């Protein structure tokens, strides 16, 4: 039924059934945040710049008070202007509900205020001044249609609202839900999208995502032409074009094939007995067969993460790693953790864990390091294999771990509510504020929630440490790189001592394309957007760059910095402005 050449078929982004289209619900559906709701400004990792999207510009009143001016054209899909009240509303709702976009804003933002119809003002909290979070929450604030949400709240609990009626859906992005059922989710373009004159219309009229049960079935679909825009783990992906001559590609045409997405962790629930012991978590770190698993199970699509949680694939981040502490701690040339069952057993022995007759460790207090599961979603075959290789090694050191692979939604439920034992999951990636972002996401108790309550915002492992809080509250009280640095280095000491969870590998930014119906995909040859994976939070510009094969169109002129004749503002220009307002 869908017009094939006017539709982008997608894979690897939606796993399990659709849920809601409500970022305030416990779970929501792929596409909701990506395409339905846009921010004031879109961070562009590729260029280290910011696209003014819903906002046309900012002004620092002073260094702690930022005003953001909404484009006059910015307008919800129902014709109601997007206004400052929508910005205030979205954030206040998140604080009230304990869930929603911009979780944690109130920790570092003193107030968000609508100073006029199209003018929002954000003010940094000065007690725990943090310029990075001040900028992050404000520039990337996503408004929500207050006039919509208020009426829902009159009628039911917000957290229960589904938002699944297409004709009632009210969005800021260029797409909204068209149709769904147990086997597919489909979005349709908003042809009179407010952003049409500034940004153009995205070329696909439809985004469709057939719900595949597992990797092999999605891959088969991709091999046969049925997926244009894929975000999948695929084994030996190069074979698709090198051997099978299919019209498909990836970012790179040779080894890594994928750019990095972020840091994949073996998360260890700190609230469970045994797993609550830093010694046990440290022993787990030495028992991960990093290289063999990344080579065999991950196909070299990504490499071992540094234990500082800093993504050292990028030269600019390396200054934030205390290499002398890491090398001294782990005895390796760059300070990575070696796979070493001897050390793993040694750590366990020197903490007084002793194998019982069944081979499973018991601690000096009688805690058995056993039955635990390590879990990832069913059908995520790369992660499943990695789980099996990890679980085998843990068992041999007397930590009784078995794999379990439930439906994505079940897995997500246990992850977010902190009822898992071990999992592999994601965290965050390269960003203007990186390494801060990952410490904030993984280690900060203030973004967690009690066991049994959902968090998407951070610290699934329920790590609890007041010192980290204090260091995050201090790390960017001034813009002096050296101050960040020292806070980062101290957090690193704490990480090596507590091993809150294990940074294991750099996740791949899964991204594959077919040129059968759509061309001008972003790639190393055509590096127009650096987050093109269909599931990425920041995927949307990809849809403005591709063209129908039957009608090639040039790359949008708004891409590129201001000095290149685009509309994007360098991060350096924003800090220059911040500085200048001091």
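Numbering follows the first chain given and starts at 1.
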Segment of higher mean CA temperature factor, 345-353 or 287-295: 345-353
Of 357-365 and 430-438, the stretch whose C-alpha atoms average the higher B-factor in the entry: 357-365
Top residue by Cα temperature factor, when 82, 170, 394, 177 are compared in the entry: 394
Options 209, 244, 318, 462 - largest CA temperature factor per the record: 244
Chain thirds of CA B-factor: placement of residue 522: lowest
Ranked C-alpha temperature factor of residue 36 among modelled chain residues, by third: lowest
Record-listed C-alpha B factor of residue 418: chain third: middle
Lowest, middle or highest third - CA B-factor, residue 535: lowest
Modelled-residue ranking by C-alpha temperature factor, third containing residue 18: middle
